[PDB]
Number of protein chains: 2
Amino acid sequence: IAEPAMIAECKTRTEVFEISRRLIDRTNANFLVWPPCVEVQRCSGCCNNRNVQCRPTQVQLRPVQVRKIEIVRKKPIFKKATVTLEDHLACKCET
Amino acid sequence: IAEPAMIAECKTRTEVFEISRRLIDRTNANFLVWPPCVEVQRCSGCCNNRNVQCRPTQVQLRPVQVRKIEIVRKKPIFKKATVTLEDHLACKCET
DNA sequence: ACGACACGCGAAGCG
DNA sequence: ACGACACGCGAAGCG
Ligand SMILES: [Mg+2]
Ligand SMILES: [Mg+2]
Ligand code: NA
Ligand code: NA
């Protein structure tokens with residue numbers, strides 16, 4: 001059977017966010033971070049027409065702790081860094 | 001508090017698929033389709049290193065019925081078209 | 001392709 | 001930046 005197609009409504013869905021090393025440190029390259037990606041909630045889906053787009057109406061900042069290794073003459077220095085994620089909490093179709 | 005960052009594992013998540021008018025009809029432009037987008041399941045997330053990527057291991061074809069209006073001298077002709085969606089069912093990190 | 005339907009909403013039906 | 005840990009797995013601890 002072929003079921004009726006259902007519109008993907010404008011709402012929050014779980015997406016994959018890649019953790020930016022550049023925001024962790026823009027002035028040094030000598031480091032590794034873990035994990036490289038986390039889940040975030042994001043507004044996606046399609047509105048009625050192309051005069052409007054699916055956009056967040058409230059966003060929530062969420063700090064997470066990442067693992068950082070600084071490499072100094074081939075030796076690891078273990079540190080922690082805090083990345084502030086942005087979660088979409090609600091969406092609307094917006095002009 | 002800043003919770004520990006958790007890796008976004010390579011697995012299936014719900015994504016938004018935009019319905020291609022071109023696959024519905026490549027030889028005529030005189031038509032509209034509804035809905036413009038549907039949910040599908042897709043492999044996403046991050047593997048251990050950049051020598052591997054998150055890829056589907058089994059995919060399931062899923063036909064859905066879309067609404068089509070053919071416009072002929074400004075009058076609508078109501079038709080149905082069948083679009084075959086591809087859902088990801090499982091994923092692995094692959095080299 | 002230039003924002004039918006007694007209306008408004010969504011070869012529709014309801015109130 | 002050139003694939004520590006008695007090992008293998010993941011300034012680790014377990015078996
Ligand atoms: Mg009537
Ligand atoms: Mg020991
Ligand atoms: Na009507
Ligand atoms: Na050890």
Side-chain angles (χ1 to χ4, degrees), chain A residues 2-8 10-11 16 18-25 27-39 45-50 52-55 64-73 76-83 91-95, chain B residues 2-8 10-11 16 18-25 27-39 45-50 52-55 64-73 76-83 91-95:
Chain A
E3 301 293 316
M6 299 290 295
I7 191 164
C10 169
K11 63 172 181 186
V16 171
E18 193 178 332
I19 280 155
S20 164
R21 284 171 72 247
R22 169 156 76 159
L23 44 73
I24 286 156
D25 195 332
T27 64
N28 302 288
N30 74 312
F31 73 92
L32 295 168
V33 170
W34 190 269
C37 313
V38 293
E39 288 187 340
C46 302
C47 303
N48 272 162
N49 63 99
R50 290 179 149 94
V52 288
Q53 278 172 305
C54 188
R55 295 282 178 255
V64 297
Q65 205 169 58
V66 301
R67 279 141 160 242
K68 185 189 182 186
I69 292 171
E70 310 202 10
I71 292 95
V72 174
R73 308 207 312 142
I77 303 174
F78 309 115
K79 289 207 170 64
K80 282 166 177 185
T82 303
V83 183
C91 327
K92 71 141 59 174
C93 297
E94 204 158 277
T95 203
Chain B
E3 301 293 316
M6 299 290 295
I7 191 164
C10 169
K11 63 172 181 186
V16 171
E18 193 178 332
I19 280 155
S20 164
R21 284 171 72 247
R22 169 156 76 159
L23 44 73
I24 286 156
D25 195 332
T27 64
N28 302 288
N30 74 312
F31 73 92
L32 295 168
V33 170
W34 190 269
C37 313
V38 293
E39 288 187 340
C46 302
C47 303
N48 272 162
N49 63 99
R50 290 179 149 94
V52 288
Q53 278 172 305
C54 188
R55 295 282 178 255
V64 297
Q65 205 169 58
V66 301
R67 279 141 160 242
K68 185 189 182 186
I69 292 171
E70 310 202 10
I71 292 95
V72 174
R73 308 207 312 142
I77 303 174
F78 309 115
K79 289 207 170 64
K80 282 166 177 185
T82 303
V83 183
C91 327
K92 71 141 59 174
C93 297
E94 204 158 277
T95 203

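Note on naming: letters A, B, ... go to the chains in the order of the sequence lines (proteins, then strands), and numbering restarts at 1 for each one. Below, each value reflects all heavy atoms present in this structure, side chains not excepted, and no hydrogens, waters or symmetry copies.
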Find the distance [X]:[atom1] to [N]:[atom2] and express it as a whole number of Å.
X: B/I69; N: C/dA12; atom1: CD1; atom2: P; result: 13 Å
X: A/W34; N: D/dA12; atom1: CH2; atom2: P; result: 20 Å
X: B/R50; N: D/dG3; atom1: CZ; atom2: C1'; result: 18 Å
X: B/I77; N: C/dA4; atom1: CD1; atom2: P; result: 15 Å
X: B/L32; N: C/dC2; atom1: CG; atom2: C1'; result: 13 Å
X: B/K79; N: C/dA12; atom1: NZ; atom2: P; result: 17 Å
X: A/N28; N: D/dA1; atom1: CG; atom2: P; result: 10 Å
X: A/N48; N: C/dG3; atom1: CG; atom2: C1'; result: 13 Å

### Message
Regarding A/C10 and A/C91, I want to know if their SG-SG distance comes in below 2.5 Å, which is how I'm defining a disulfide.
### Response
no

From [options], pick the nucleotide closest to the side chain of [X]?
X: B/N30; options: C/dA1, D/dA1, D/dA11; value: C/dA1
X: A/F78; options: D/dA11, D/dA1, C/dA1; value: D/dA11
X: A/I71; options: D/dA1, D/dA11, C/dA1; value: D/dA1

### Partner nucleotide of D/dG15 by Watson-Crick or wobble geometry (both distances under 3.5 Å)
D/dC7

### Query
Which base sits across from C/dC2 as a Watson-Crick or G-U pair, both distances under 3.5 Å?
none

Distance, [atom1] atom - from [M] to [N], rounded to whole angstrom:
N: D/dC5; M: D/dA12; atom1: P; value: 7 Å
N: D/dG13; M: D/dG3; atom1: P; value: 29 Å
N: C/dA11; M: C/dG15; atom1: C1'; value: 24 Å
N: D/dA6; M: D/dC2; atom1: P; value: 26 Å
N: C/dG10; M: C/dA4; atom1: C1'; value: 12 Å

### Task
Say whether, by atom type as modelled, one donor and one acceptor occur between the side chain of B/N30 and the main chain of B/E70 under 3.5 angstrom.
no

### Query
Roughly how far apart are A/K80 NZ and A/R67 CZ, rounded to 0.5 Å?
7.5 Å

### Task
Give the intermediate values and the outcome of disulfide bond (SG atoms under 2.5 Å apart) for residues B/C54 and B/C47.
CA-CA 6 Å; B/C54 188; B/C47 303; 5.2 Å; no

### Message
Any non-hydrogen side-chain atom of B/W34 less than 4.5 Å from a side-chain atom of B/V66?
### Response
no

### Message
Should D/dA12 be tagged north or south? The rule is the sign of the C1'-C2'-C3'-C4' torsion.
### Response
north

### Message
Under the convention that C1'-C2'-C3'-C4' above zero is north and below zero is south, what is the pucker of D/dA4?
### Response
south

